[PDB]
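Trainee: Please find one structure pasted underneath; my questions will follow.
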Amino acid sequence: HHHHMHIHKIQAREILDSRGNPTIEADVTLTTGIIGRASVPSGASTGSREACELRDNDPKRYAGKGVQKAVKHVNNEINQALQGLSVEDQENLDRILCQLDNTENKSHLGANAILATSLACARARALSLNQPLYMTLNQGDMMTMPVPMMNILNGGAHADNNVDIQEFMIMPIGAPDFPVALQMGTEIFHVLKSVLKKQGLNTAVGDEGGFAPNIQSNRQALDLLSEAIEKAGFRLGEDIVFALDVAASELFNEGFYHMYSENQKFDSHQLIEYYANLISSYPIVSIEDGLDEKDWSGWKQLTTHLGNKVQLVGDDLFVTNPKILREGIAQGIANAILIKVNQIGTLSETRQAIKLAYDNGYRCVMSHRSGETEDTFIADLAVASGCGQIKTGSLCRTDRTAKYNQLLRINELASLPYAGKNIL
Amino acid sequence: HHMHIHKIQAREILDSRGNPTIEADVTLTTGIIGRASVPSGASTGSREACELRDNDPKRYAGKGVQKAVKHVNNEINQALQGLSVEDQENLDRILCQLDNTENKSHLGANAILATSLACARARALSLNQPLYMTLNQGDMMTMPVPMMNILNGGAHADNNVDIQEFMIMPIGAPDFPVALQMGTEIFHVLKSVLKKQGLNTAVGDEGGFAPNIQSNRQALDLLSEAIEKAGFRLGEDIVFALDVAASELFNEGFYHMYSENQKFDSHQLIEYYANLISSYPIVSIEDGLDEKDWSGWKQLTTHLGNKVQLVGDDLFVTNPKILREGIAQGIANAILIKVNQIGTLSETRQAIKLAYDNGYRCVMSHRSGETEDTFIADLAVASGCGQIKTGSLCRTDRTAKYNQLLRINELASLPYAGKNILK
Ligand SMILES: O=C(O)[C@@H](CO)OP(=O)(O)O
Ligand SMILES: O=C(O)[C@@H](CO)OP(=O)(O)O
Ligand SMILES: [Mg+2]
Ligand SMILES: [Mg+2]
Ligand SMILES: [Mg+2]
Ligand SMILES: [Mg+2]
């Protein structure tokens with residue numbers, strides 16, 4: 001009976017994210033007693049146009065980072081609005097949530113309250129259908145196991161070091177399947193630990209599980225990764241390529257981009273030249289947020305000059321927002337979008353962004369936040385969307401490895417191809 | 001009939017340090033699936049049950065667990081299919097007898113434990129009851145006081161710190177959510193304290209900061225400064241616990257405190273702890289002496305056991321036969337409970353009951369190599385042990401356990417162990 005998908009109760013609680021800050025988790029209980037659960041990640045280098053992450057700002061609790069207000073909105077307004085409604089229709093539930101909040105940026109209820117509900121409803125739906133979550137998320141796209149971009153040297157807002165570029169990533173594009181891709185990245189990660197240790201560089205880790213050494217230059221970081229790849233027995237280019245998340249909005253100040261580690265400051269034109277030179281020296285296949293979120297003329301120049309040679313991922317540029325991505329497509333800016341469910345606040349709006357990207361030749365990279373939880377939703381969503389690329393961290397910290405493990409579980413019975421070099 | 005096993009299977013997953021470990025799914029004839037994964041230590045005791053690895057240099061630098069996975073998929077599945085998960089003791093008996101070795105070196109303790117815990121979860125799902133409820137064996141349950149390792153050293157971090165774990169315990173909190181809040185607030189203040197002194201705030205394996213230190217006293221001074229700046233009171237609100245992991249420091253008749261350019265014989269190291277305890281509110285010392293230093297442990301227990309909790313970790317490796325001998329010799333007064341040091345839930349329960357029956361406390365513990373599995377949260381509550389050691393306040397390998405304790409606390413209606421752990 002289809003009344004078995006009707007909501008009995010929605011509740012929320014405050015839990016800790018992987019940096020030790022509060023975040024929200026929601027339980028959707030159906031009339032059958034089935035419970036869908038989901039928790040919400042939290043960024044550090046957040047774009048200025050991300051949907052509202054509602055915090056309490058009570059200095060006596062968690063230094064102002066409590067989320068009891070968002071929890072209360074789930075327990076009260078959201079529960080009352082959704083009780084008796086079916087989780088079978090994700091678009092309708094998400095529509096009701098957005099209409100209930102009735103603000104452009106989800107600043108009344110909180111995007112974290114809304115997203116916790118949205119994702120917990122999706123899980124309640126899958127449980128009701130008695131199907132794996134990734135199957136119930138698919139909207140017709142050919143599913144693949146994604147190529148992971150693995151952030152094994154952390155910098156910027158994610159680490160206590162002098163590194164300006166936020167993320168230095170390896171991508172095991174040459175692996176035959178996903179389990180071997182994970183093995184290759186893990187083996188390189190452990191070799192890199194030894195390479196850093198032999199050079200007296202720090203091997204404690206930053207927020208996403210990458211090592212946090214101080215570096216002489218961005219080229220030194222790429223040299224260290226290259227040395228670990230070689231010592232692990234793999235081939236640059238054929239087996240492993242590089243991806244960067246510069247998070248350049250964090251470096252932009254007073255009309256210039258500041259590479260403090262190299263005592264360099266660049267205008268947009270100079271920074272594009274800098275990337276062109278990096279790409280000619282290293283097999284970098286993707287650069288995320290190479291320019292500031294407001295530098296739309298720079299992004300257009302970057303896309304014209306290098307977009308045929310490299311993937312150009314908008315993160316803070318688009319904030320998983322269909323209306324912004326639409327304008328970017330119209331202006332020919334970037335050629336990929338980083339998909340972060342909590343930048344926009346609902347599964348349905350995330351799907352709108354994915355569809356708009358696919359329909360216009362943009363790739364999607366499914367992404368964690370730097371403040372993660374035990375929730376592995378993005379592993380299922382990455383496979384279901386067929387985006388072929390996932391960004392979910394280094395090879396240590398369970399906030400990252402839990403996603404890789406969930407992909408291993410999916411791979412077991414999915415009988416799906418590995419996206420491999422098709423992502424190029 | 002709903003508790004009969006249809007199938008058991010395993011898979012290789014990654015632990016929180018990036019090394020392979022094993023996860024098992026137990027499928028009942030009703031289709032209910034219990035799942036559990038197995039943690040892995042770094043500073044392992046010499047007498048821990050066998051963690052079976054593949055030793056294939058082509059895969060994961062020899063650390064794959066496909067051999068253990070195969071033992072679950074084949075030998076263990078065939079031995080258990082048809083049997084009931086309702087009787088945990090019976091299943092664990094059958095697994096140990098199937099292995100037929102003292103140290104579980106045939107099937108692997110990791111294969112056996114993954115099955116043991118997965119069966120426990122399948123049983124709980126079959127009863128439609130919270131896991132912690134189905135694990136209780138009559139003890140009064142409490143929400144445990146967490147000892148929170150916020151400054152990592154020893155085998156868990158790339159720094160000069162010899163002591164493995166510097167922990168705070170929010171013994172003065174009114175309930176568990178506030179206890180977690182206090183530890184978290186102190187953790188973030190400690191980050192600011194370290195940053196202001198130019199000390200490293202990247203983290204070690206258990207999520208504590210990994211700075212270099214001038215001395216163990218400086219580390220305790222830094223924690224004290226963070227406690228004070230966070231607005232809490234030493235002694236009344238927050239006390240300290242240490243895991244020295246002294247077996248890692250012991251060599252050729254001496255304990256080596258390289259960070260302090262000093263070495264100690266057993267007698268001298270006991271004096272060293274006496275002086276630390278007089279200067280700081282240290283209420284617990286874990287593995288203060290080497291796992292084989294049985295005369296030192298006796299002296300330590302006689303001299304300081306009435307002043308401080310003395311936790312055997314590598315000393316006992318969660319092993320009832322070893323703990324029984326330690327009790328008879330009067331060594332230590334608490335035991336660190338690590339399910340994968342012994343390999344079954346039933347043998348773990350034997351160690352807990354032996355400790356309880358002889359007035360020893362139990363501290364439910366993670367390993368430094370963790371997974372997303374939160375079993376020890378439910379087991380800590382169900383056992384009523386009142387103390388849990390499951391990491392700093394960052395890394396989901398640690399926070400997932402704290403979060404599970406928050407979930408249990410919602411409908412459990414249980415007291416917080418609080419200062420009662422000192423009695
Ligand atoms: O910028 C990013 O892409 C993310 C993920 O690595 O970091 P943050 O969540 O801090 O925005
Ligand atoms: O010694 C310990 O108590 C544990 C947990 O901190 O560490 P390891 O798992 O490496 O043995
Ligand atoms: Mg960011
Ligand atoms: Mg980014
Ligand atoms: Mg140890
Ligand atoms: Mg120990």
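Ordered as shown in the structure tokens, chains take letters A, B, and onward, while each chain numbers its residues from 1 and ligands are numbered from 1 in the order shown.
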Write out as a list in words every residue belonging to chain B that has an atom at most 6 Å from any atom of chain A, counting only C-alpha atoms.
Mentor: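 Result: residues 13, 16, 17, 18, 60, 185, 202, 203, 204, 393, 394, 395, 396, 397 and 403 of chain B.
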Trainee: Please, could you write that set of residues out with N, CA, C and O atoms as a tab-separated table (two decimals), in the first residue's frame?
Mentor:
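After the write, out_28.tsv holds the following:
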chain	number	residue	atom	x	y	z
B	13	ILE	N	37.55	-3.18	3.79
B	13	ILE	CA	37.31	-1.74	3.80
B	13	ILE	C	38.56	-1.04	4.34
B	13	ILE	O	39.50	-1.70	4.77
B	16	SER	N	40.66	4.10	9.64
B	16	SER	CA	40.82	5.54	9.71
B	16	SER	C	42.25	5.99	9.48
B	16	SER	O	42.49	7.18	9.31
B	17	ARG	N	43.21	5.06	9.48
B	17	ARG	CA	44.59	5.38	9.11
B	17	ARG	C	44.89	5.07	7.66
B	17	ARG	O	46.02	5.30	7.21
B	18	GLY	N	43.92	4.56	6.90
B	18	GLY	CA	44.17	4.16	5.53
B	18	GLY	C	44.65	2.75	5.36
B	18	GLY	O	45.23	2.43	4.32
B	60	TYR	N	48.62	-2.91	-0.75
B	60	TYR	CA	48.53	-2.19	0.51
B	60	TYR	C	49.76	-2.41	1.39
B	60	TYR	O	49.65	-2.49	2.61
B	185	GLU	N	34.63	22.27	23.82
B	185	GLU	CA	35.03	23.66	24.00
B	185	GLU	C	36.50	23.76	24.39
B	185	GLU	O	37.23	24.63	23.89
B	202	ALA	N	47.95	20.58	13.44
B	202	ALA	CA	47.52	19.39	12.71
B	202	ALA	C	47.38	18.23	13.70
B	202	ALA	O	47.91	18.29	14.82
B	203	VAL	N	46.65	17.19	13.32
B	203	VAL	CA	46.27	16.19	14.32
B	203	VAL	C	46.90	14.83	14.03
B	203	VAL	O	47.24	14.48	12.90
B	204	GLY	N	47.05	14.06	15.11
B	204	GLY	CA	47.51	12.69	15.04
B	204	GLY	C	46.36	11.73	14.83
B	204	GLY	O	45.24	12.11	14.49
B	393	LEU	N	38.10	15.26	19.96
B	393	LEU	CA	36.82	15.78	19.50
B	393	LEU	C	36.86	16.17	18.02
B	393	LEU	O	36.04	16.98	17.58
B	394	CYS	N	37.78	15.61	17.25
B	394	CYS	CA	37.69	15.71	15.80
B	394	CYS	C	38.05	14.35	15.21
B	394	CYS	O	38.56	13.47	15.92
B	395	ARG	N	37.77	14.20	13.91
B	395	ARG	CA	37.85	12.96	13.13
B	395	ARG	C	36.61	12.12	13.40
B	395	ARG	O	36.33	11.77	14.55
B	396	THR	N	35.85	11.82	12.35
B	396	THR	CA	34.62	11.06	12.54
B	396	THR	C	34.88	9.65	13.04
B	396	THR	O	33.99	9.04	13.65
B	397	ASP	N	36.11	9.13	12.87
B	397	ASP	CA	36.44	7.87	13.52
B	397	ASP	C	36.28	7.95	15.04
B	397	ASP	O	36.05	6.92	15.69
B	403	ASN	N	28.69	10.70	18.88
B	403	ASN	CA	27.36	10.92	18.34
B	403	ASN	C	26.43	9.77	18.67
B	403	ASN	O	25.24	9.99	18.96
Trainee: Write down as a list in words the residues of segment 177-337 of chain A whose backbone DSSP state falls under strand (DSSP E or B).
Mentor: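 Filtering segment 177-337 of chain A to strand (DSSP E or B) leaves residues 205, 211, 236, 240, 241, 242, 243, 244, 245, 252, 253, 256, 257, 258, 259, 264, 265, 266, 284, 285, 286, 287, 288, 311, 312, 313, 314, 336 and 337 of chain A.
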Trainee: Can you tell me which residues surround residue 216 of chain B at a distance of at most 12 Å, considering only C-alpha atoms, apart from same-chain residues fewer than 2 positions away, and format the answer as a ChimeraX atom specification?
Mentor: /B:151-153,160-166,211-214,218-223,242,244,257-262,272-273,276,279-280
Trainee: How would the residues just picked look written out with N, CA and C atoms as a tab-separated table (two decimals), in the first residue's frame?
Mentor:
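Okay, this is what ended up in part_17.tsv:
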chain	number	residue	atom	x	y	z
B	151	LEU	N	45.72	15.60	22.94
B	151	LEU	CA	47.10	15.87	22.56
B	151	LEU	C	47.75	14.51	22.36
B	152	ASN	N	48.04	14.15	21.10
B	152	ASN	CA	48.48	12.81	20.74
B	152	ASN	C	50.00	12.73	20.70
B	153	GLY	N	50.53	11.57	21.08
B	153	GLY	CA	51.96	11.34	21.02
B	153	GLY	C	52.31	9.89	20.71
B	160	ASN	N	57.55	14.72	18.88
B	160	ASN	CA	58.56	14.19	19.78
B	160	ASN	C	57.97	13.69	21.10
B	161	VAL	N	56.65	13.58	21.19
B	161	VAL	CA	55.99	13.29	22.46
B	161	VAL	C	56.09	11.79	22.76
B	162	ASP	N	56.58	11.45	23.95
B	162	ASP	CA	56.74	10.04	24.30
B	162	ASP	C	55.44	9.43	24.82
B	163	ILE	N	54.78	10.12	25.75
B	163	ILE	CA	53.50	9.65	26.27
B	163	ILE	C	52.50	9.59	25.13
B	164	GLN	N	51.78	8.47	25.02
B	164	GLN	CA	50.95	8.27	23.85
B	164	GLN	C	49.72	9.17	23.86
B	165	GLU	N	49.10	9.36	25.03
B	165	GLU	CA	47.79	10.00	25.11
B	165	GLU	C	47.69	10.92	26.32
B	166	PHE	N	47.34	12.19	26.08
B	166	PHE	CA	47.04	13.16	27.13
B	166	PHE	C	45.54	13.43	27.09
B	211	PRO	N	51.65	18.61	18.55
B	211	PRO	CA	52.79	19.52	18.67
B	211	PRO	C	54.00	18.80	19.23
B	212	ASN	N	55.17	19.40	19.01
B	212	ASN	CA	56.35	19.02	19.78
B	212	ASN	C	56.31	19.75	21.12
B	213	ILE	N	56.82	19.08	22.16
B	213	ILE	CA	56.75	19.60	23.52
B	213	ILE	C	58.13	19.56	24.16
B	214	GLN	N	58.36	20.47	25.11
B	214	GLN	CA	59.58	20.51	25.90
B	214	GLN	C	59.61	19.43	26.96
B	218	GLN	N	55.06	20.40	30.47
B	218	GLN	CA	54.58	21.46	29.58
B	218	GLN	C	53.27	21.06	28.90
B	219	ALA	N	53.16	19.80	28.46
B	219	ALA	CA	51.92	19.36	27.84
B	219	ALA	C	50.75	19.50	28.82
B	220	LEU	N	50.95	19.10	30.08
B	220	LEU	CA	49.89	19.25	31.06
B	220	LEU	C	49.62	20.71	31.39
B	221	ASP	N	50.65	21.57	31.37
B	221	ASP	CA	50.44	23.00	31.57
B	221	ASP	C	49.61	23.59	30.43
B	222	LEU	N	49.86	23.15	29.20
B	222	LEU	CA	49.10	23.65	28.05
B	222	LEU	C	47.65	23.21	28.14
B	223	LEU	N	47.40	21.95	28.49
B	223	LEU	CA	46.02	21.51	28.70
B	223	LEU	C	45.37	22.29	29.82
B	242	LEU	N	46.12	9.67	31.62
B	242	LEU	CA	47.24	9.44	30.72
B	242	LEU	C	47.22	8.00	30.23
B	244	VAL	N	50.37	6.15	28.95
B	244	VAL	CA	51.80	6.25	28.69
B	244	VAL	C	52.20	5.29	27.59
B	257	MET	N	62.44	8.33	28.14
B	257	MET	CA	61.65	9.54	27.90
B	257	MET	C	62.52	10.45	27.06
B	258	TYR	N	62.61	10.12	25.76
B	258	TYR	CA	63.53	10.82	24.87
B	258	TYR	C	63.25	12.32	24.85
B	259	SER	N	61.98	12.70	24.92
B	259	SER	CA	61.60	14.11	24.91
B	259	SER	C	62.17	14.88	26.10
B	260	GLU	N	62.50	14.19	27.19
B	260	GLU	CA	63.04	14.84	28.38
B	260	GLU	C	64.50	14.47	28.61
B	261	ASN	N	65.12	13.81	27.64
B	261	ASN	CA	66.52	13.43	27.70
B	261	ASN	C	66.85	12.71	29.00
B	262	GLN	N	65.96	11.80	29.39
B	262	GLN	CA	66.11	11.08	30.65
B	262	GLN	C	65.61	9.66	30.48
B	272	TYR	N	58.37	9.12	39.41
B	272	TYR	CA	58.02	10.15	38.44
B	272	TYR	C	56.51	10.34	38.37
B	273	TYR	N	55.75	9.23	38.37
B	273	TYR	CA	54.29	9.34	38.38
B	273	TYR	C	53.79	9.93	39.70
B	276	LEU	N	54.16	13.59	39.37
B	276	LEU	CA	53.16	14.15	38.45
B	276	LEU	C	51.79	14.25	39.11
B	279	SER	N	51.30	17.12	41.33
B	279	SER	CA	51.30	18.43	40.68
B	279	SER	C	50.07	18.69	39.83
B	280	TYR	N	49.38	17.65	39.37
B	280	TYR	CA	48.27	17.75	38.44
B	280	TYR	C	47.17	16.78	38.85
Trainee: Just want the residues within 7 Å of ligand 4, written as a VMD selection string, counting only C-alpha atoms and all ligand atoms.
Mentor: chain A and resid 245 247 288 to 289 315 to 316
Trainee: Can you write just those residues out, N, CA, C and O atoms, as an mmCIF file, in the first residue's frame?
Mentor:
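Listed below is the output, part15.cif:
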data_model
loop_
_atom_site.group_PDB
_atom_site.id
_atom_site.type_symbol
_atom_site.label_atom_id
_atom_site.label_comp_id
_atom_site.auth_asym_id
_atom_site.auth_seq_id
_atom_site.Cartn_x
_atom_site.Cartn_y
_atom_site.Cartn_z
ATOM 1 N N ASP A 245 42.383 22.133 -6.045
ATOM 2 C CA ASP A 245 41.392 23.109 -5.599
ATOM 3 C C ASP A 245 42.182 24.275 -5.009
ATOM 4 O O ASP A 245 42.719 24.183 -3.904
ATOM 5 N N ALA A 247 40.885 27.260 -4.296
ATOM 6 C CA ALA A 247 40.041 28.096 -3.435
ATOM 7 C C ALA A 247 40.513 29.553 -3.483
ATOM 8 O O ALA A 247 40.769 30.200 -2.465
ATOM 9 N N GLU A 288 40.082 23.592 -9.762
ATOM 10 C CA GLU A 288 38.850 24.061 -9.140
ATOM 11 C C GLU A 288 39.081 25.424 -8.500
ATOM 12 O O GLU A 288 40.114 25.651 -7.865
ATOM 13 N N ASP A 289 38.130 26.340 -8.711
ATOM 14 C CA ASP A 289 38.179 27.697 -8.152
ATOM 15 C C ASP A 289 39.553 28.343 -8.327
ATOM 16 O O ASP A 289 40.157 28.858 -7.381
ATOM 17 N N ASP A 315 33.335 26.110 -7.883
ATOM 18 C CA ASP A 315 32.825 25.699 -6.575
ATOM 19 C C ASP A 315 32.101 26.892 -5.951
ATOM 20 O O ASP A 315 30.876 27.019 -6.086
ATOM 21 N N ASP A 316 32.849 27.790 -5.296
ATOM 22 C CA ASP A 316 32.246 29.027 -4.810
ATOM 23 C C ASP A 316 31.665 29.859 -5.941
ATOM 24 O O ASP A 316 30.781 30.681 -5.704
#
Trainee: Kindly work out which residues sit at most 8 Å from ligand 1, using only C-alpha atoms and all ligand atoms, and give the list as a PDB file with N, CA, C and O atoms, in the first residue's frame.
Mentor:
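This went into result13.pdb:
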ATOM      1  N   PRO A  41      26.826  18.160   6.358  1.00  0.00           N
ATOM      2  CA  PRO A  41      28.219  18.606   6.494  1.00  0.00           C
ATOM      3  C   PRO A  41      28.303  20.129   6.592  1.00  0.00           C
ATOM      4  O   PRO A  41      27.303  20.840   6.498  1.00  0.00           O
ATOM      5  N   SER A  42      29.524  20.632   6.773  1.00  0.00           N
ATOM      6  CA  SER A  42      29.730  22.061   7.003  1.00  0.00           C
ATOM      7  C   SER A  42      31.072  22.498   6.428  1.00  0.00           C
ATOM      8  O   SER A  42      32.101  21.885   6.723  1.00  0.00           O
ATOM      9  N   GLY A  43      31.073  23.579   5.635  1.00  0.00           N
ATOM     10  CA  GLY A  43      32.310  24.031   5.027  1.00  0.00           C
ATOM     11  C   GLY A  43      33.108  25.004   5.883  1.00  0.00           C
ATOM     12  O   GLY A  43      32.614  25.602   6.840  1.00  0.00           O
ATOM     13  N   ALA A  44      34.386  25.151   5.530  1.00  0.00           N
ATOM     14  CA  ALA A  44      35.230  26.209   6.078  1.00  0.00           C
ATOM     15  C   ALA A  44      35.382  27.348   5.075  1.00  0.00           C
ATOM     16  O   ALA A  44      35.071  28.504   5.368  1.00  0.00           O
ATOM     17  N   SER A  45      35.852  27.027   3.874  1.00  0.00           N
ATOM     18  CA  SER A  45      35.996  28.033   2.825  1.00  0.00           C
ATOM     19  C   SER A  45      34.672  28.091   2.070  1.00  0.00           C
ATOM     20  O   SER A  45      34.510  27.523   0.987  1.00  0.00           O
ATOM     21  N   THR A  46      33.691  28.749   2.693  1.00  0.00           N
ATOM     22  CA  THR A  46      32.337  28.805   2.145  1.00  0.00           C
ATOM     23  C   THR A  46      32.217  29.965   1.168  1.00  0.00           C
ATOM     24  O   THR A  46      32.764  31.045   1.398  1.00  0.00           O
ATOM     25  N   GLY A  47      31.490  29.738   0.075  1.00  0.00           N
ATOM     26  CA  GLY A  47      31.205  30.823  -0.844  1.00  0.00           C
ATOM     27  C   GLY A  47      30.214  31.805  -0.245  1.00  0.00           C
ATOM     28  O   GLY A  47      29.392  31.457   0.603  1.00  0.00           O
ATOM     29  N   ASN A 151      42.573  14.215  -1.936  1.00  0.00           N
ATOM     30  CA  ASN A 151      43.288  15.391  -1.440  1.00  0.00           C
ATOM     31  C   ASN A 151      44.281  14.954  -0.363  1.00  0.00           C
ATOM     32  O   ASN A 151      43.981  14.969   0.829  1.00  0.00           O
ATOM     33  N   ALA A 157      42.511  26.997   4.025  1.00  0.00           N
ATOM     34  CA  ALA A 157      41.631  27.026   5.191  1.00  0.00           C
ATOM     35  C   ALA A 157      41.564  25.691   5.933  1.00  0.00           C
ATOM     36  O   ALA A 157      40.980  25.640   7.016  1.00  0.00           O
ATOM     37  N   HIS A 158      42.118  24.616   5.381  1.00  0.00           N
ATOM     38  CA  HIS A 158      41.968  23.280   5.953  1.00  0.00           C
ATOM     39  C   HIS A 158      43.160  22.826   6.775  1.00  0.00           C
ATOM     40  O   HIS A 158      43.143  21.696   7.275  1.00  0.00           O
ATOM     41  N   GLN A 166      44.443  25.157  -1.582  1.00  0.00           N
ATOM     42  CA  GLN A 166      43.708  24.442  -0.545  1.00  0.00           C
ATOM     43  C   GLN A 166      43.888  22.930  -0.657  1.00  0.00           C
ATOM     44  O   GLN A 166      43.990  22.238   0.365  1.00  0.00           O
ATOM     45  N   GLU A 167      43.898  22.383  -1.879  1.00  0.00           N
ATOM     46  CA  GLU A 167      43.854  20.933  -2.054  1.00  0.00           C
ATOM     47  C   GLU A 167      44.762  20.493  -3.188  1.00  0.00           C
ATOM     48  O   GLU A 167      44.652  21.004  -4.310  1.00  0.00           O
ATOM     49  N   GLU A 208      41.003  17.357   5.971  1.00  0.00           N
ATOM     50  CA  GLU A 208      40.486  16.349   5.056  1.00  0.00           C
ATOM     51  C   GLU A 208      41.385  15.123   4.992  1.00  0.00           C
ATOM     52  O   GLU A 208      41.261  14.315   4.068  1.00  0.00           O
ATOM     53  N   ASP A 245      42.383  22.133  -6.045  1.00  0.00           N
ATOM     54  CA  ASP A 245      41.392  23.109  -5.599  1.00  0.00           C
ATOM     55  C   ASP A 245      42.182  24.275  -5.009  1.00  0.00           C
ATOM     56  O   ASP A 245      42.719  24.183  -3.904  1.00  0.00           O
ATOM     57  N   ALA A 247      40.885  27.260  -4.296  1.00  0.00           N
ATOM     58  CA  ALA A 247      40.041  28.096  -3.435  1.00  0.00           C
ATOM     59  C   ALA A 247      40.513  29.553  -3.483  1.00  0.00           C
ATOM     60  O   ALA A 247      40.769  30.200  -2.465  1.00  0.00           O
ATOM     61  N   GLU A 288      40.082  23.592  -9.762  1.00  0.00           N
ATOM     62  CA  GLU A 288      38.850  24.061  -9.140  1.00  0.00           C
ATOM     63  C   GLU A 288      39.081  25.424  -8.500  1.00  0.00           C
ATOM     64  O   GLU A 288      40.114  25.651  -7.865  1.00  0.00           O
ATOM     65  N   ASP A 315      33.335  26.110  -7.883  1.00  0.00           N
ATOM     66  CA  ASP A 315      32.825  25.699  -6.575  1.00  0.00           C
ATOM     67  C   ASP A 315      32.101  26.892  -5.951  1.00  0.00           C
ATOM     68  O   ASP A 315      30.876  27.019  -6.086  1.00  0.00           O
ATOM     69  N   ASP A 316      32.849  27.790  -5.296  1.00  0.00           N
ATOM     70  CA  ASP A 316      32.246  29.027  -4.810  1.00  0.00           C
ATOM     71  C   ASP A 316      31.665  29.859  -5.941  1.00  0.00           C
ATOM     72  O   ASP A 316      30.781  30.681  -5.704  1.00  0.00           O
ATOM     73  N   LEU A 338      31.277  21.860  -9.056  1.00  0.00           N
ATOM     74  CA  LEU A 338      31.403  21.042  -7.856  1.00  0.00           C
ATOM     75  C   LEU A 338      30.042  20.960  -7.185  1.00  0.00           C
ATOM     76  O   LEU A 338      29.444  21.995  -6.876  1.00  0.00           O
ATOM     77  N   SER A 367      30.884  16.197  -4.203  1.00  0.00           N
ATOM     78  CA  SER A 367      31.874  16.666  -3.230  1.00  0.00           C
ATOM     79  C   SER A 367      31.406  16.588  -1.778  1.00  0.00           C
ATOM     80  O   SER A 367      30.239  16.835  -1.458  1.00  0.00           O
ATOM     81  N   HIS A 368      32.357  16.265  -0.906  1.00  0.00           N
ATOM     82  CA  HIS A 368      32.215  16.439   0.534  1.00  0.00           C
ATOM     83  C   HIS A 368      32.340  17.925   0.904  1.00  0.00           C
ATOM     84  O   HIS A 368      32.607  18.790   0.059  1.00  0.00           O
ATOM     85  N   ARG A 369      32.167  18.229   2.192  1.00  0.00           N
ATOM     86  CA  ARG A 369      32.708  19.447   2.789  1.00  0.00           C
ATOM     87  C   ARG A 369      33.882  19.086   3.688  1.00  0.00           C
ATOM     88  O   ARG A 369      34.075  17.934   4.082  1.00  0.00           O
ATOM     89  N   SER A 370      34.641  20.114   4.063  1.00  0.00           N
ATOM     90  CA  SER A 370      35.783  19.880   4.930  1.00  0.00           C
ATOM     91  C   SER A 370      35.340  19.496   6.338  1.00  0.00           C
ATOM     92  O   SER A 370      36.078  18.802   7.046  1.00  0.00           O
ATOM     93  N   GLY A 371      34.145  19.918   6.752  1.00  0.00           N
ATOM     94  CA  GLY A 371      33.560  19.426   7.990  1.00  0.00           C
ATOM     95  C   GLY A 371      32.549  18.344   7.669  1.00  0.00           C
ATOM     96  O   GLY A 371      31.435  18.639   7.231  1.00  0.00           O
ATOM     97  N   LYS A 391      34.894  13.837  -5.096  1.00  0.00           N
ATOM     98  CA  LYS A 391      35.921  14.473  -4.277  1.00  0.00           C
ATOM     99  C   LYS A 391      35.488  14.275  -2.828  1.00  0.00           C
ATOM    100  O   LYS A 391      34.557  14.936  -2.356  1.00  0.00           O
ATOM    101  N   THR A 392      36.128  13.342  -2.133  1.00  0.00           N
ATOM    102  CA  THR A 392      35.677  13.076  -0.771  1.00  0.00           C
ATOM    103  C   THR A 392      36.838  12.819   0.188  1.00  0.00           C
ATOM    104  O   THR A 392      36.615  12.274   1.281  1.00  0.00           O
ATOM    105  N   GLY A 393      38.054  13.228  -0.156  1.00  0.00           N
ATOM    106  CA  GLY A 393      39.097  13.391   0.849  1.00  0.00           C
ATOM    107  C   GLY A 393      40.322  12.524   0.620  1.00  0.00           C
ATOM    108  O   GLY A 393      40.436  11.772  -0.348  1.00  0.00           O
TER     109      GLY A 393
END
Trainee: At a cut-off of 9 Å and counting only C-alpha atoms and all ligand atoms, what residues surround ligand 2? Please answer as an NGL selection string.
Mentor: :B and (39-45 or 149 or 155-156 or 164-165 or 205-206 or 243-245 or 286-287 or 313-314 or 336 or 338 or 365-370 or 389-391)
Trainee: Hey, can you check how far atom CA of residue 265 of chain A sits from atom CA of residue 218 of chain A?
Mentor: 14.0 Å
Trainee: Counting only C-alpha atoms, what is within 9 Å of segment 293-308 of chain B, bar same-chain residues fewer than 5 positions away, as a list in words?
Mentor: residues 247, 266, 267, 270, 273, 274, 277, 282, 283, 284, 285, 288, 315, 326, 329, 330, 331, 332, 333 and 422 of chain B
Trainee: Using only C-alpha atoms and all ligand atoms, pick whichever of A:58, A:292, A:141, A:88 has the shortest atom-to-atom distance to ligand 3.
Mentor: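 Between A:58, A:292, A:141, A:88, the residue approaching ligand 3 most closely is A:292.
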Trainee: Let me make sure I understand: among B:20, B:312, B:208, B:57, which one has the smallest atom-to-atom distance to ligand 6 if we use only C-alpha atoms and all ligand atoms?
Mentor: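 Answer, going by the shortest atom-to-atom distance: B:312.
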Trainee: Residues near residue 116 of chain B, anyone? I mean within 8 Å using only C-alpha atoms, not counting same-chain ones fewer than 3 positions away, as JSON, numbers by chain.
Mentor: {"B": [88, 91, 92, 112, 113, 119, 120, 344, 345]}
